[PDB]
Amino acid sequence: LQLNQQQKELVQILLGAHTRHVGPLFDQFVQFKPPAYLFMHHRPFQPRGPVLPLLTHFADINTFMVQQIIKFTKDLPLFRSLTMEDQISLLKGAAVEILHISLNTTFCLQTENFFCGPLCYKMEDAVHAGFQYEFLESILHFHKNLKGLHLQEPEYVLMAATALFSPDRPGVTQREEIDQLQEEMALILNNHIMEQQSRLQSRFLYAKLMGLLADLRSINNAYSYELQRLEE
């Protein structure tokens, strides 16, 4: 219950990593041939026509986010300290979770749209790309729930690090060493939140976050085929 020098230094390293590779991420989507209507924020009756371009765009931004995210982790000495296998296994399992956690950063609660650069994503756009409604609703509830907590870079990065060092993921060997990492990550998350008692005013913030981390994992386990198909 209080952050020591080691911990404060860790937060900074995380933030640094996040800021270089993920923060600038969302503003690069426009480079991946986005369909014209994506540039409009207000389009109640606008048609979308062909799926291919829209579809391959989502394909584009998804690969780019997963790439940057990999870089993100790669900039963490703690992560590098693990075995090749374990890393590939942790990323292979936490990339989607870090993605929506990072993406919530551009999410607007008032309009339930993500503002990435000059682009404006709406749930209906994913619908038009063939994503399952139930999937999309869950993904949406998550983002609404998480935005309502009024988080900031620090809380976002810590949370992401918490999801990264999860041992329960298949293919891991150093299960107990890594589980130690996650616990140190959560304790820093928790204590960090307290340090900001005045800013963060939702009750049971920590639990609510870890709770949402649970919801996220469930959603992927359930509609995993939606993503596996996108990746091909």
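In this text, residue numbers run from 1 along the sequence as written.
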query	finding
Higher-B stretch (mean Cα B-factor, as the entry records it), 57-65 or 180-188	180-188
Residue range whose averaged C-alpha B-factor is higher in the record, 167-175 or 33-41	167-175
Deposited CA B-factor, highest of 112, 124, 137, 86	86
Cα B factor band for residue 25 (lowest, middle or highest third within the chain)	middle
Chain third (lowest, middle, highest) by recorded CA B-factor, residue given as residue 144	lowest
For residue 13, the third of its chain into which the C-alpha B factor falls	lowest
Modelled-residue ranking by C-alpha temperature factor, third containing residue 133	middle
CA B-factor ranking of residue 209, expressed as a third of its chain	lowest
